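This report concerns only the one structure given below.
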Amino acid sequence: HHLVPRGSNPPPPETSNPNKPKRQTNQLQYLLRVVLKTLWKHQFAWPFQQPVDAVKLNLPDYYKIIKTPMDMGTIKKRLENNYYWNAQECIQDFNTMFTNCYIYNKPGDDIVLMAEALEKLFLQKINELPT
Ligand SMILES: CCN1C(=O)c2cccc3c(S(=O)(=O)NC4CCCCC4)ccc1c23
């Protein structure tokens with residue numbers, strides 16, 4: 001088809017675990033209802049709300065470089081489906097999302113500023129987690 005590499009996309013990350021028993025917790029609830037909701041509405045959130053489309057965003061080699069993709073849409077779905085055992089698993093996924101941005105992009109890029117601002121807010125919000 002193409003004369004320059006355009007890339008391709010993996011299926012989005014899994015968002016449910018059919019073997020996992022349900023275990024609801026206060027911190028997981030707070031993560032879904034307060035932390036993620038606050039992050040989602042931040043002015044710089046939109047690029048992180050859905051999986052990277054390597055083809056449409058013209059980032060052909062994105063999924064060569066990023067072996068563990070992550071986005072806020074996926075994190076939201078994982079919280080909704082009770083995929084996470086604890087807050088730390090969720091936090092790890094946020095960390096994977098931000099660090100993927102830092103890995104793929106150059107330190108001076110606009111997208112990295114946006115990720116850094118979101119990460120700073122995230123770190124503030126996780127200090128609110130209930131006992
Ligand atoms: C967060 C996922 N993500 C990237 O890592 C990335 C790199 C380059 C552009 C871009 C875009 S984009 O909509 O093509 N371009 C810009 C639009 C607003 C300034 C920062 C990036 C969306 C999501 C991205 C990227």
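By convention in this document, the chains of the structure tokens carry letters A, B, ... by their order, each chain's residues are numbered from 1, and ligands are numbered from 1 in the order they are shown.
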Given a cut-off of 6 Å, what residues near ligand 1 show up using only C-alpha atoms and all ligand atoms, put as JSON, numbers by chain? {"A": [47, 48, 52, 57, 101, 110, 111]}
Would you mind exporting C-alpha atoms of the selected residues as a PDB file, in the first residue's frame?
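Final file, selection_3.pdb:
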ATOM      1  CA  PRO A  47      -4.038  12.986  24.434  1.00  0.00           C
ATOM      2  CA  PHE A  48      -3.938  10.310  27.172  1.00  0.00           C
ATOM      3  CA  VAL A  52      -2.264   5.784  20.769  1.00  0.00           C
ATOM      4  CA  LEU A  57      -1.081  10.140  14.776  1.00  0.00           C
ATOM      5  CA  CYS A 101       5.236   9.198  26.910  1.00  0.00           C
ATOM      6  CA  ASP A 110       4.842  19.620  23.944  1.00  0.00           C
ATOM      7  CA  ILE A 111       3.308  16.190  24.704  1.00  0.00           C
TER       8      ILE A 111
END
Return as a PyMOL selection string the full set of residues in segment 1-124 of chain A whose backbone-based DSSP assignment is helix (DSSP H, G or I). chain A and resi 26-40+46-48+62-65+72-80+87-104+110-124
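With distances restricted to only C-alpha atoms, A:38 is the closest residue to residue 124 of chain A from A:27, A:58, A:18, A:38.
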For residue 126 of chain A, work out the shell of residues within 10 Å, counting only C-alpha atoms and skipping chain neighbours fewer than 6 positions away, then give it as a list in words. residues 27, 30, 31, 34, 35, 87 and 91 of chain A
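Of the listed residues (A:16, A:9, A:26, A:50), A:26 comes nearest to residue 131 of chain A; the distances count only C-alpha atoms.
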Using only C-alpha atoms, determine which residues lie at most 9 Å from residue 14 of chain A, disregarding the query and same-chain residues fewer than 3 positions distant; provide the list as a PDB file with N, CA and C atoms, in the first residue's frame.
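Final output, result.pdb:
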ATOM      1  N   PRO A  11      -4.247  -4.672  19.452  1.00  0.00           N
ATOM      2  CA  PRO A  11      -5.499  -4.535  20.162  1.00  0.00           C
ATOM      3  C   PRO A  11      -5.287  -3.743  21.432  1.00  0.00           C
ATOM      4  N   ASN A  17     -10.523  -9.269  33.919  1.00  0.00           N
ATOM      5  CA  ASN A  17      -9.895 -10.522  34.252  1.00  0.00           C
ATOM      6  C   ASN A  17     -11.008 -11.481  34.660  1.00  0.00           C
ATOM      7  N   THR A  74      -8.179   2.948  29.253  1.00  0.00           N
ATOM      8  CA  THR A  74      -7.913   1.604  29.742  1.00  0.00           C
ATOM      9  C   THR A  74      -7.938   1.532  31.274  1.00  0.00           C
ATOM     10  N   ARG A  78     -10.394  -0.650  33.590  1.00  0.00           N
ATOM     11  CA  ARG A  78      -9.858  -1.598  34.584  1.00  0.00           C
ATOM     12  C   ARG A  78     -10.433  -1.327  35.986  1.00  0.00           C
TER      13      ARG A  78
END
What's the separation between atom CA of residue 80 of chain A and atom CA of residue 53 of chain A, in Å to one decimal place? 23.2 Å
Could you list, with a cut-off of 12 Å and counting only C-alpha atoms, the residues of segment 30-89 of chain A near segment 105-109 of chain A, each shown with its nearest atom pair and the distance in Å rounded to one decimal, rows sorted by chain and ascending number, as a Markdown table?
| residue | atom | partner | partner_atom | distance |
| --- | --- | --- | --- | --- |
| A:59 | CA | A:105 | CA | 10.1 |
| A:61 | CA | A:105 | CA | 11.6 |
| A:62 | CA | A:105 | CA | 9.6 |
| A:65 | CA | A:105 | CA | 10.4 |
| A:66 | CA | A:105 | CA | 10.8 |
Would you compute the distance between atom CA of residue 76 of chain A and atom CA of residue 23 of chain A? Give it in Å to one decimal. 16.6 Å
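In terms of minimum interatomic distance to residue 82 of chain A, A:21 ranks closest within A:7, A:13, A:51, A:21, counting only C-alpha atoms.
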